[PDB]
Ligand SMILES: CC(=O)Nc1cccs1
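Okay, so here's just one chain, in structure tokens, the form deposited without this ligand.
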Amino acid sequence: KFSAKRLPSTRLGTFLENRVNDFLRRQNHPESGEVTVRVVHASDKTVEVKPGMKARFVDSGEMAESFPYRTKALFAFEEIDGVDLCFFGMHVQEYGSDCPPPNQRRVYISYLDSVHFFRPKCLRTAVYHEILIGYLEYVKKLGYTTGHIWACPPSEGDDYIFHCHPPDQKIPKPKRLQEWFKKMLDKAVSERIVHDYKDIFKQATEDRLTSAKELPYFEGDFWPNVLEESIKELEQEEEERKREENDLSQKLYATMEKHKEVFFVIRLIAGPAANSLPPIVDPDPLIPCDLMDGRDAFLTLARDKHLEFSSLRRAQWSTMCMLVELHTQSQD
């Protein structure tokens, strides 16, 4: 059988689904189904500093040329009427205790995506939040100190993870998505999972950040590209001054303040306890899976095989195909 449940389990997946199903049992809703969470990709990667920053800080020996991280893809499924539905997906980047500053003991949510067919409807959002809170709960247990989120909804017609969303699934505007993450984080705060959280601007200020090299630097994130753009801005200004004869940090602080409400810095472990921690040891094995290495492969598979997630029934058929692919691609 190629069911969701028969996908190879992990500590992380097991931890998440157990949290969600305990939550569902507590709600005792007659329409809810069993939820399965599976990590379907785990691999070692590195993000390398782009030219501008390498020139400024890497060649200077002030900053590592690259940072090692593990990427994970995980999906949540719901069984209803004995039928699998994939309804939530998320890719994360995890920077371990071996990672150089400024990235060590940090996790970053690359992207998350959903299709709105969870049953019952009235528990959908709560379940998403339980997945996210459990994730923060879990990495906090392993010893990561900080979580990072870039609250950015997809542009018109773009799919983050699931090809062809339901036409009537509304896409939240920035402010709504922002409030959504806050509600999730506030729950995590009341559960003493999250210590506190701040926008990127307030965090930098409190941390007394003085140099771009101090900003966490993640694969595909907003900040490495604004830094490259900022540096080219400096170069062109320098050229203006050249003609006339014939600060990075202040550019960054300015950009940080401008877009502060989109970027969350989430403190899992703060203060002293964040300083005498054992190495991070991840009990889960690597999980090679070309289909789920970042998001393009699955979008591409979906397009190629016409797997839409645009209705409940289309989503379930697509879910079956995805699962068959995940099962066979694993098999040797």
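Whichever C-alpha set is largest while still superposing within 1.5 Å between the two forms counts as the rigid core. Numbers follow the displayed sequence, beginning with 1.
| After a core fit, does 250 to 258 or 163 to 171 show the bigger CA gap to the shown form in 6 other deposited structures of this protein? | Greater root mean square C-alpha distance in 6 other deposited structures of this protein: 250 to 258.
| field | Average Cα temperature factor in the PDB entry - higher stretch of 58 to 66, 293 to 301 | value | The recorded data point to 58 to 66.
| 13 to 21 versus 320 to 328: which one carries the higher mean Cα B factor per the record? | Higher mean C-alpha B-factor in the PDB entry: 320 to 328.
| task | Return the residue from 196, 137, 191, 240 that has the highest Cα B-factor in the entry. | result | Comparing C-alpha B-factors across 196, 137, 191, 240, the top value belongs to 240.
| Maximum C-alpha temperature factor, selected from 167, 147, 174, 100 | Max CA B-factor in the entry, restricted to 167, 147, 174, 100: 100.
| query | Against its chain's modelled residues, does residue 38's Cα B factor rank lowest, middle or highest third? | reply | It falls in the bottom third of the chain.
| said: Ranking every modelled residue in this chain by its Cα temperature factor as given in the entry, which third contains residue 266? | reply: It falls in the bottom third of the chain.
| What third of the chain, by the recorded C-alpha B-factor, contains residue 187? | Answer is lowest: the recorded C-alpha B-factor places it there.
| field | Chain-relative CA temperature factor third for residue 130 | value | Within its chain, residue 130 is a lowest-third residue by C-alpha B-factor, going by the deposited values.
| CA B-factor ranking of residue 157, expressed as a third of its chain | According to the entry, residue 157 has a C-alpha B-factor in the chain's highest third.
Just so it is clear, the following notes concern the form solved in complex with this ligand, a form of the same protein that is not shown.
| query | Taking heavy atoms only, is residue 137 within 4.5 angstroms of this ligand in the bound PDB entry? | reply | No, residue 137 stays farther than 4.5 Å from this ligand in the bound PDB entry.
| request: Find out whether any non-hydrogen atom of residue 226 is located within 4.5 angstroms of this ligand in the bound PDB entry, and reply yes or no. | output: It does not: once this ligand is placed as it appears in the bound PDB entry, residue 226 has no heavy atom within 4.5 Å of it.
| message | With a cut-off of 4.5 Å between heavy atoms, is residue 194 one of the residues that contacts this ligand in the bound PDB entry? | response | Although this ligand is absent here, residue 194 would stay clear of it in the bound PDB entry, with no heavy atoms inside 4.5 Å.
| Residue contact check: residue 216 to this ligand in the bound PDB entry, 4.5 Å heavy atom | Because a heavy atom of residue 216 falls inside 4.5 Å of this ligand in the bound PDB entry, the answer is yes.
| task | Flag this candidate site as yes only if 150, 200 and 263 all have a heavy atom within 4.5 Å of this ligand in the bound PDB entry; otherwise mark no. | result | Judged in the bound PDB entry, 150, 200 and 263 all sit within 4.5 Å of this ligand.
| query | Which single stretch, out of 186 to 194, 78 to 86, 137 to 145, 217 to 225, brings residue heavy atoms within 4.5 Å of this ligand in the bound PDB entry? | reply | Looking at the partner contacts, the answer comes out as 217 to 225.
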